[PDB]
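Scroll down for the structure; my scribbles are underneath it.
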Number of protein chains: 2
Amino acid sequence: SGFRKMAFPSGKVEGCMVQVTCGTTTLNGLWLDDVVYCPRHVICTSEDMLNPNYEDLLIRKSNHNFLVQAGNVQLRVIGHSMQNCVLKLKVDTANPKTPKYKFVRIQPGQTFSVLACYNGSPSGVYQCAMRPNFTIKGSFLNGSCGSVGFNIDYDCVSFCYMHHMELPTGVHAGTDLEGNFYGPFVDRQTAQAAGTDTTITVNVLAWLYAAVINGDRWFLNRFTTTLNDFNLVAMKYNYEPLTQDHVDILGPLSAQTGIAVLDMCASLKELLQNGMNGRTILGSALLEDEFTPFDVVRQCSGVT
Amino acid sequence: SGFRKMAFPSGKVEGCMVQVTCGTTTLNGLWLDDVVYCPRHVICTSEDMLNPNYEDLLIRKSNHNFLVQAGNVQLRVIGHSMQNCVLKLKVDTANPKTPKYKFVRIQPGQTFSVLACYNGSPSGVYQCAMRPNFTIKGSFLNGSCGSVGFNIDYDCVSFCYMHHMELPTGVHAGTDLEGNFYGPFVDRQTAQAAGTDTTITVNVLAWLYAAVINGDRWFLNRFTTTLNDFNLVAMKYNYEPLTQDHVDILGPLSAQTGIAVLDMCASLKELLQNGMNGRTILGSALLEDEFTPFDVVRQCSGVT
Ligand SMILES: Cc1ccncc1NC(=O)CCc1cccc(Cl)c1
Ligand SMILES: Cc1ccncc1NC(=O)CCc1cccc(Cl)c1
């Protein structure tokens, strides 16, 4: 009973957080095995930020210039390299708390947990999604760079995001753990506007199924629709077009509830056209799109 | 930038979760030092549930009937006792991962993180609040009993909740770590209806301050009000009455933003009387009440 915006238990990732300081800048790093991963902008000053040449700035840095601290103890840096927008600091000690892990590059619509950190110390955990415009709507202040996003499959942590920047509009941009930014963002203090933040249709439908499973059924109607008809409505409301791949992934939710995917689309179409009329669904007065079909199945079944 | 429903990092609590089985019932337990805390209804069958005499049922149980497993290894139970609605199983081994901790009994309006668990294994973490009717709106399935609620002050975990039951309305009830239920609930499968779930006014105001700090300012108006005038409106809308204690706790938010507490009350009064008009505040189309003034300061300042 009940349905909450739930994050993964953060302990496995907490054991990886370290502090990285270069010159006068301090941010977070991720220590896995004998490598510490952090945003390459740790080497920049408040003058380099406008148009930094990272390869040139890195020439002036040696292993001893990167101060890496895990708790109250210092790690010895024995190598460093730049991979895309991240730095990989080789240390002389493998992290004894290294969990089983993978580096994954997620697609828009996919959700993940963020362990926000400051000075290598975890402050909180929340759930968010890679938006269709490749931004994330996080909660990050100065010092949070290097905080990571991840998913967990039983004992394996799949790291998908590293925090690098805040756009002038208060939304967030970052990279995968290979240092490649999601979307067109660059690690520079320049004009970077985000595209249309469309709604993740498949996630809204998954959340409507979660609502039905939890007893909120007022929005179920006597109608059905087609993918093409539904998509005309989705385009009008800045919703992502629904594909047969999305219909297929909603199969287990349709099977559990007995509500055909296209019938749920017709309920969503009416909600888009008529609004909620001051009513709520799972404690929300808007259509929630940061639960994937997999998240709904996981939470509704109790996967650990 | 950004404001999220953020939970505490769960690692310190993950290290305390164990599985407790008695007869054919399995739920979660909390292992701190050499004691494992769990709901006393672990001793009940699906016949005892209607009207259990716990003292009588416990007479038929010995130390060896409580199976306690921490990961894949079994703990030896050398004592057991009942304290209110919880059982305390003394084990022969102190939990090596015991964090610094306290047991606190929270008041309605206070928020905490929940680490939902099944079979002693953590499934997720979310944030919630002790409602004014002493229920919590969680996400719990069968097997989640014994999952705990907590707050963290730097290195000390303050445990405030242990999950015991779901009411027929899908809301949740439980105890503090001394085994005393919040509210009038009893650990019995009987008719237990919840009282009015009023809105936590001081938390809504704190969240309006968080919105202003994060740039969502459309709701700020040219009006002010008094505590008595505001409270007439709060009563009409099933909001908790605001006191000078609440005004005082909002002082730091008023000081940071320069918006007098009574001016923010007047903005909230207009939002109650006029609605949101299809607009949003911090990504919500309703007034959020599960962030305390302390939560807002913490998240807006980056406390670790
Ligand atoms: C201030 C803040 C808040 C939240 N998340 C992240 C941040 N920080 C930033 O955006 C840093 C911007 C930057 C880019 C490239 C070089 C340099 Cl020196 C700085
Ligand atoms: C099924 C569920 C779902 C979520 N949270 C909790 C639960 N479980 C319950 O409410 C258990 C009710 C109970 C009370 C006293 C004795 C016995 Cl045998 C059972």
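Every chain in the structure tokens has a letter given in the order shown (A, B, ...), and although residue numbers restart at 1 in each chain, ligands are simply numbered from 1 in the order shown.
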
Enumerate, in order of chain and increasing residue number, the residues of chain A with an atom no farther than 6 Å from chain B, each with its shortest atom pair and distance in Å to one decimal, counting only C-alpha atoms, as JSON lines.
{"residue": "A:1", "atom": "CA", "partner": "B:170", "partner_atom": "CA", "distance": 5.1}
{"residue": "A:2", "atom": "CA", "partner": "B:139", "partner_atom": "CA", "distance": 4.3}
{"residue": "A:3", "atom": "CA", "partner": "B:139", "partner_atom": "CA", "distance": 5.0}
{"residue": "A:4", "atom": "CA", "partner": "B:139", "partner_atom": "CA", "distance": 5.8}
{"residue": "A:6", "atom": "CA", "partner": "B:126", "partner_atom": "CA", "distance": 5.0}
{"residue": "A:7", "atom": "CA", "partner": "B:125", "partner_atom": "CA", "distance": 5.2}
{"residue": "A:8", "atom": "CA", "partner": "B:124", "partner_atom": "CA", "distance": 4.8}
{"residue": "A:9", "atom": "CA", "partner": "B:124", "partner_atom": "CA", "distance": 5.1}
{"residue": "A:10", "atom": "CA", "partner": "B:10", "partner_atom": "CA", "distance": 5.5}
{"residue": "A:11", "atom": "CA", "partner": "B:11", "partner_atom": "CA", "distance": 3.5}
{"residue": "A:121", "atom": "CA", "partner": "B:304", "partner_atom": "CA", "distance": 5.8}
{"residue": "A:122", "atom": "CA", "partner": "B:304", "partner_atom": "CA", "distance": 5.7}
{"residue": "A:123", "atom": "CA", "partner": "B:304", "partner_atom": "CA", "distance": 4.2}
{"residue": "A:124", "atom": "CA", "partner": "B:8", "partner_atom": "CA", "distance": 4.8}
{"residue": "A:125", "atom": "CA", "partner": "B:7", "partner_atom": "CA", "distance": 5.2}
{"residue": "A:126", "atom": "CA", "partner": "B:6", "partner_atom": "CA", "distance": 5.0}
{"residue": "A:138", "atom": "CA", "partner": "B:2", "partner_atom": "CA", "distance": 5.6}
{"residue": "A:139", "atom": "CA", "partner": "B:2", "partner_atom": "CA", "distance": 4.3}
{"residue": "A:140", "atom": "CA", "partner": "B:1", "partner_atom": "CA", "distance": 5.6}
{"residue": "A:170", "atom": "CA", "partner": "B:1", "partner_atom": "CA", "distance": 5.1}
{"residue": "A:285", "atom": "CA", "partner": "B:285", "partner_atom": "CA", "distance": 5.1}
{"residue": "A:286", "atom": "CA", "partner": "B:285", "partner_atom": "CA", "distance": 5.9}
{"residue": "A:304", "atom": "CA", "partner": "B:123", "partner_atom": "CA", "distance": 4.2}

Problem set entry | In region 133-283 of chain A, DSSP helix (DSSP H, G or I) residues written as number ranges by chain | A: 201-213, 227-236, 244-249, 251-257, 261-274

Problem set entry | Given only C-alpha atoms and all ligand atoms as the counted atoms, nearest of A:186, A:129, A:35, A:58 to ligand 1 |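 The answer is A:186, which sits nearest to ligand 1.
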
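You will find CA of residue 32 (chain B) at 19.7 Å from CA of residue 64 (chain B).
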
Problem set entry | Point-to-point distance from CA of residue 199 (chain A) to CA of residue 219 (chain B), Å rounded to tenths |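 Spanning CA of residue 199 (chain A) to CA of residue 219 (chain B) is a straight-line distance of 24.4 Å.
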
Within 7 Å of region 235-251 of chain A, counting only C-alpha atoms, which residues show up once you throw out same-chain ones fewer than 5 positions away? Write them as a tab-separated table (two decimals) with N, CA and C atoms, in the first residue's frame, please.
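File written: out13.tsv
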chain	number	residue	atom	x	y	z
A	198	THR	N	9.95	17.96	-22.44
A	198	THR	CA	8.73	17.23	-22.69
A	198	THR	C	8.48	16.18	-21.60
A	199	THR	N	7.23	15.76	-21.47
A	199	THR	CA	6.83	14.77	-20.49
A	199	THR	C	7.09	13.36	-21.00
A	200	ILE	N	7.60	12.50	-20.12
A	200	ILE	CA	7.94	11.12	-20.44
A	200	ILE	C	6.68	10.26	-20.38
A	201	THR	N	5.96	10.21	-21.51
A	201	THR	CA	4.69	9.51	-21.62
A	201	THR	C	4.64	8.11	-21.05
A	202	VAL	N	5.63	7.25	-21.40
A	202	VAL	CA	5.63	5.87	-20.90
A	202	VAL	C	5.68	5.83	-19.36
A	206	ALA	N	3.00	4.33	-16.67
A	206	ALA	CA	3.43	3.39	-15.63
A	206	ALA	C	2.90	3.86	-14.26
A	227	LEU	N	-2.50	4.18	-31.01
A	227	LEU	CA	-1.21	4.83	-30.86
A	227	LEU	C	-1.16	6.14	-31.65
A	261	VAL	N	-3.12	-1.43	-22.45
A	261	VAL	CA	-2.29	-0.22	-22.58
A	261	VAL	C	-3.00	0.92	-23.31
A	293	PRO	N	8.33	2.13	-15.97
A	293	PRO	CA	7.57	0.87	-15.79
A	293	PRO	C	8.32	-0.09	-14.86

For this session: Kindly give the distance, in Å, that separates atom 3 (C, counted along the ligand's line) of ligand 1 and CA of residue 165 (chain A), rounded to a single decimal.
Result: 6.2 Å

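For the residues B:183, B:149, B:195, B:174, ranking by smallest atom-to-atom distance to ligand 2 using only C-alpha atoms and all ligand atoms places B:174 first.
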
For this session: Counting only C-alpha atoms and all ligand atoms, figure out which residue out of B:230, B:185, B:207, B:31 gets nearest to ligand 2.
Result: B:185

Problem set entry | Who sits within 8 Å of residue 189 (chain A), only C-alpha atoms, same chain under 3 positions skipped, as a list in words | residues 49, 50 and 51 of chain A

Those same residues, written as an mmCIF file, in the first residue's frame with C-alpha atoms?
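This is the output file selection-v3.cif:
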data_model
loop_
_atom_site.group_PDB
_atom_site.id
_atom_site.type_symbol
_atom_site.label_atom_id
_atom_site.label_comp_id
_atom_site.auth_asym_id
_atom_site.auth_seq_id
_atom_site.Cartn_x
_atom_site.Cartn_y
_atom_site.Cartn_z
ATOM 1 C CA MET A 49 35.769 29.053 -16.208
ATOM 2 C CA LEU A 50 34.826 31.370 -19.135
ATOM 3 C CA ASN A 51 36.801 29.548 -21.854
#
